[PDB]
Amino acid sequence: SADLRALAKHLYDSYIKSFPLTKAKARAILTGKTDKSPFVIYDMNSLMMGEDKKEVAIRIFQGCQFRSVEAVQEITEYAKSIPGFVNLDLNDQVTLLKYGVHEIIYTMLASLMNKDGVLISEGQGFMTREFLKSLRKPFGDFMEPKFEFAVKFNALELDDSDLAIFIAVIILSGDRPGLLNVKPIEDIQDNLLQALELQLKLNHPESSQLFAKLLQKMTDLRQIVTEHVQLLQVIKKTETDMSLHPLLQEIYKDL
Amino acid sequence: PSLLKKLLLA
Ligand SMILES: CCCc1nc2c(C)cccc2n1Cc1ccc2c(c1)COc1ccccc1/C2=C(\C)c1noc(=O)[nH]1
């Protein structure tokens with residue numbers, strides 16, 4: 001138990017090191033409790049006004065690439081801090097990151113979301129949900145269920161301590177395709193899961209079944225990533241020559 | 001080669 005608390009604290013410490021924009025920082029921005037106000041993008045005119053941050057919907061989605069590549073870098077830093085991670089076979093670390101990063105990006109995306117919109121570029125902007133919903137199909141339908149997931153995930157009131165371990169658990173998923181040595185992965189995960197269980201019991205003592213809800217949220221995130229991947233397949237079927245950051249080419253390769 | 005693998009070794 002005590003060692004499980006020591007591991008929880010170590011993970012929160014690294015998450016703090018690795019991720020500049022914490023959930024706590026983000027919620028402070030979203031509730032005006034902070035530091036300069038985000039610029040609001042609610043229509044085409046405010047969008048072109050805020051550009052210092054192809055057809056519009058492709059422009060908006062392709063501009064997420066800069067952030068996603070930074071996030072991968074952050075997530076890699078955080079993964080390396082998880083005890084046991086760097087001692088795993090190197091190709092298995094790559095595998096874990098390859099199939100993990102988007103789950104973690106959507107996890108952190110929820111932290112930047114409320115029912116009305118999403119923070120962008122380190123909180124310097126706020127894109128509204130209605131604006132995103134007005135985009136041409138299939139783009140306009142895509143984010144809606146992301147907001148839905150975020151609103152329910154945020155209702156659980158996890159903090160950064162909680163999230164750090166939740167994230168560690170996800171990265172140490174033994175079932176990613178083509179992992180060469182699964183057992184040491186699972187042994188790490190099993191211990192993380194115990195740290196998470198205790199973390200949730202001490203930190204959310206009135207919250208019935210939180211541990212199990214969180215397991216289900218990991219399944220929801222796989223589903224969300226499956227959908228994210230199919231949005232890009234659908235769009236590649238007509239946007240033949242669409243630039244893609246080389247880091248992300250590695251991640252999307254084979255999917 | 002692999003960009004992830006470089007970020008892992010850094
Ligand atoms: C990065 C994932 C979270 C996210 N944040 C968004 C924000 C903040 C606004 C609008 C859409 C957003 N999304 C969804 C999103 C953003 C970009 C891309 C996708 C999906 C997947 O589908 C695409 C379809 C056509 C063109 C680009 C893309 C996306 C790509 C290449 C991408 N950009 O960052 C990625 O990780 N993937």
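In what follows, chains are A, B, ... by sequence order, proteins preceding strands, each numbered from 1.
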Is there a donor-acceptor pair closer than 3.5 Å between any side-chain N or O of [X] and the backbone N or O of [Y]?
{"X": "A:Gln249", "Y": "A:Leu244", "answer": "yes"}
{"X": "A:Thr128", "Y": "A:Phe131", "answer": "yes"}
{"X": "A:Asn91", "Y": "A:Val94", "answer": "no"}
{"X": "A:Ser14", "Y": "A:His10", "answer": "yes"}
{"X": "A:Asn203", "Y": "A:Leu200", "answer": "no"}
{"X": "A:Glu144", "Y": "A:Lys133", "answer": "no"}
{"X": "A:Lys217", "Y": "A:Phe149", "answer": "no"}
{"X": "A:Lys80", "Y": "A:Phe85", "answer": "no"}
{"X": "A:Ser207", "Y": "A:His204", "answer": "no"}
{"X": "A:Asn154", "Y": "A:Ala110", "answer": "yes"}

If I compare all heavy atoms of [X] with all of [Y], which pair ends up nearest, and what's the gap?
{"X": "A:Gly125", "Y": "A:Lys53", "result": "CA-CD, 4.4 Å"}
{"X": "A:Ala79", "Y": "A:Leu97", "result": "CB-CD2, 4.1 Å"}
{"X": "A:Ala195", "Y": "A:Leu7", "result": "CB-CD2, 4.2 Å"}
{"X": "A:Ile29", "Y": "A:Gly123", "result": "CD1-CA, 4.2 Å"}
{"X": "A:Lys25", "Y": "A:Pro20", "result": "CD-O, 3.5 Å"}

### Query
Do A:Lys253 and A:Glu250 sit within salt-bridge range, that is, some charged N less than 4.0 Å from a carboxylate O?
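No salt bridge links A:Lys253 with A:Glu250.
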
### Query
Just wondering, do A:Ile165 and A:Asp162 contact through their side chains at under 4.5 Å, heavy atoms?
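No, their side chains stay 4.5 Å or more apart.
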
### Task
Please confirm whether A:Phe39 and A:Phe126 have ring centers closer than 6.0 angstrom.
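No, the ring centres sit 6.0 Å or more apart.
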
### Message
Are A:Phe153 and A:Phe166 an aromatic pair, judged by ring center distance below 6.0 Å?
### Response
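Yes - the distance between ring centres of A:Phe166 and A:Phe153 falls below the 6.0 Å cut-off.
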
How many angstroms lie between atom [atom1] of [X] and atom [atom2] of [Y], to the nearest 0.5 angstrom?
{"X": "A:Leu215", "Y": "A:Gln209", "atom1": "CG", "atom2": "CD", "answer": "10.5 Å"}
{"X": "A:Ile224", "Y": "A:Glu103", "atom1": "CD1", "atom2": "CD", "answer": "9.5 Å"}
{"X": "A:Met49", "Y": "A:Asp43", "atom1": "CE", "atom2": "CG", "answer": "9.0 Å"}
{"X": "A:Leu163", "Y": "A:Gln199", "atom1": "CG", "atom2": "CD", "answer": "10.0 Å"}
{"X": "A:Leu179", "Y": "A:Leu96", "atom1": "CG", "atom2": "CG", "answer": "5.0 Å"}
{"X": "A:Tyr12", "Y": "A:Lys17", "atom1": "OH", "atom2": "NZ", "answer": "12.0 Å"}

### Query
Are a donor atom and an acceptor atom from the side chains of A:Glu227 and A:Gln230 found within less than 3.5 Å of each other?
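No, no side-chain donor-acceptor pair sits under 3.5 Å.
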
### Query
Can a donor-acceptor pair be found between the side chains of A:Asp220 and A:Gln216 at a distance below 3.5 Å?
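Note: A:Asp220 and A:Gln216 side chains meet the donor-acceptor criterion.
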
### Message
Under 4.5 Å between side-chain heavy atoms, counting indirect links through other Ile/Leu/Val/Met/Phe/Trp/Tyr residues: same cluster for A:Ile171 and A:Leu180 or not?
### Response
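Hydrophobic grouping puts A:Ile171 apart from A:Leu180.
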
### Message
Quick check: is A:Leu112 connected to A:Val69 through a chain of hydrophobic side chains (ILVMFWY, heavy atoms under 4.5 Å apart)?
### Response
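Both belong to a single hydrophobic cluster.
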
### Message
Taking the six-membered ring of A:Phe142 as reference, does the cationic atom of A:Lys146 (NZ for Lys, CZ for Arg) lie under 6.0 Å from its centre and within 45° of its axis?
### Response
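Judged by the rule (NZ or CZ under 6.0 Å from the ring centre, within 45° of its axis), A:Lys146 counts as positioned above A:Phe142.
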
### Query
What is the ring orientation for A:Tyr252 with A:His228, classed by angle as parallel under 30°, tilted 30 to 60°, or perpendicular over 60°?
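Ring orientation, 0 to 90° scale: parallel.
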
